[PDB]
Amino acid sequence: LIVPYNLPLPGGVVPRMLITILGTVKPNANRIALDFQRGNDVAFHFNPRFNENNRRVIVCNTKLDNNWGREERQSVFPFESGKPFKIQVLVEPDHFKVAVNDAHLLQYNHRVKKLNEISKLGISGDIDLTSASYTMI
Ligand SMILES: CO[C@@H]1[C@@H](n2cc(-c3cc(F)c(F)c(F)c3)nn2)[C@@H](O)[C@@H](CO)O[C@H]1C(=O)N(c1cc(Cl)cc(Cl)c1)[C@H]1CC[C@@H]1O
């Protein structure tokens with residue numbers, strides 16, 4: 001698929017919804033972003049950074065009224081330049097749970113409460129996107 005890519009989430013998200021993003025990281029990747037949006041608000045921004053002060057970090061945040069909130073950062077970094085990945089975002093009642101390549105990575109508590117209005121997933125950055133889909137577990 002072509003990046004950037006928008007995946008509609010009609011009627012938003014619900015607990016037990018498993019969103020699977022498959023792709024390959026580009027060989028000289030700098031950044032990747034998943035943006036779960038409620039209109040212009042970003043309920044959940046998931047942002048692997050490959051070279052922030054010569055380190056790799058996962059930055060997560062929410063954007064409300066076009067303002068970024070308090071970042072939640074994780075140094076566990078499962079992505080590798082040039083390699084195929086699977087990001088799974090499992091919607092739970094109180095958080096998003098992220099697993100990469102079938103290993104738990106992080107949880108992000110719901111700041112945006114209206115899950116049934118989080119109706120788009122934006123996928124951007126330094127990937128070849130293979131597929132973006134969801135199922136109910
Ligand atoms: C560059 O801005 C990022 C935010 N971001 C990333 C992308 C993005 C990522 C992709 F992978 C991608 F492919 C793409 F197309 C677009 N779009 N927006 C977004 O990642 C946001 C997450 O908090 O961080 C922003 C940030 O870099 N800072 C920022 C942070 C806070 Cl809280 C407040 C403020 Cl005003 C700026 C830093 C300056 C000093 C701050 O530490």
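The residues of the chain are indexed from 1 along the displayed sequence. Indexing begins at 1, ligand by ligand and atom by atom, following the structure's order. All values below come from the heavy atoms of this structure, side chains included, with hydrogens, waters and symmetry mates left out.
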Legend entry - Side chain, backbone, both or neither: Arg31 near ligand 1, heavy atoms under 4.0 Å: both
Legend entry - Atom indices of ligand 1, in the order listed, that fall short of 4.0 Å to a heavy atom of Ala33: 9 (C), 10 (C), 11 (F)
Inset, instruction - May I ask you to list the atoms of ligand 1 that are less than 4.0 angstrom from any heavy atom of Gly125? - result: 13 (F)
Legend entry - Distance in Å, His110 NE2 paired with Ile118 CD1, rounded so as to fall on 0.5 Å steps: 7.0 Å
Legend entry - Proximal ligand 1 atoms for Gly69, defined as those under 4.0 Å from one of its heavy atoms: 32 (Cl)
Inset, instruction - Could you tell me which atoms of ligand 1, counted from 1 in the order shown, lie closer than 4.0 angstrom to a heavy atom of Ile32? - result: 11 (F)
Inset, instruction - List every atom of ligand 1 that sits less than 4.0 Å from any heavy atom of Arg49, numbering the atoms from 1 in the order shown and giving each element. - result: 3 (C), 19 (C), 20 (O), 21 (C), 22 (C), 24 (O), 25 (C), 26 (C), 27 (O)
Inset, instruction - Decide yes or no for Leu64 and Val112: does some side-chain heavy atom of the first lie under 4.5 Å from some side-chain heavy atom of the second? - result: yes
Inset, instruction - Could you check whether the rings of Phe44 and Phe36 sit parallel, tilted or perpendicular, using 30° and 60° as the cut-offs? - result: parallel
Legend entry - Spacing of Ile87 atom CD1 and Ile19 atom CD1 [to the nearest 0.5 Å]: 11.5 Å
Inset, instruction - Pull out every atom of ligand 1 sitting under 4.0 Å from any heavy atom of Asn47, numbered as shown with elements. - result: 9 (C), 11 (F), 20 (O)
Legend entry - Option of least heavy-atom distance to atom 30 (C) of ligand 1 (set: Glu72, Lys63, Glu71): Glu71
Inset, instruction - Mind telling me whether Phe77 and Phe50 have parallel, tilted or perpendicular rings, with 30° and 60° as the class edges? - result: perpendicular
Inset, instruction - Look at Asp126 together with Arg31 and state whether they make a salt bridge at an N to O cut-off of under 4.0 Å. - result: no
Legend entry - Element-labelled atoms of ligand 1 that are located less than 4.0 Å from some non-hydrogen atom of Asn61: 22 (C), 23 (O), 32 (Cl)
Legend entry - For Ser124, the ligand 1 atoms whose distance to one of its heavy atoms is below 4.0 Å: 12 (C), 13 (F), 14 (C), 15 (F)
Legend entry - In one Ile/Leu/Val/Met/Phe/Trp/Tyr side-chain cluster, 4.5 Å: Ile137, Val100: no
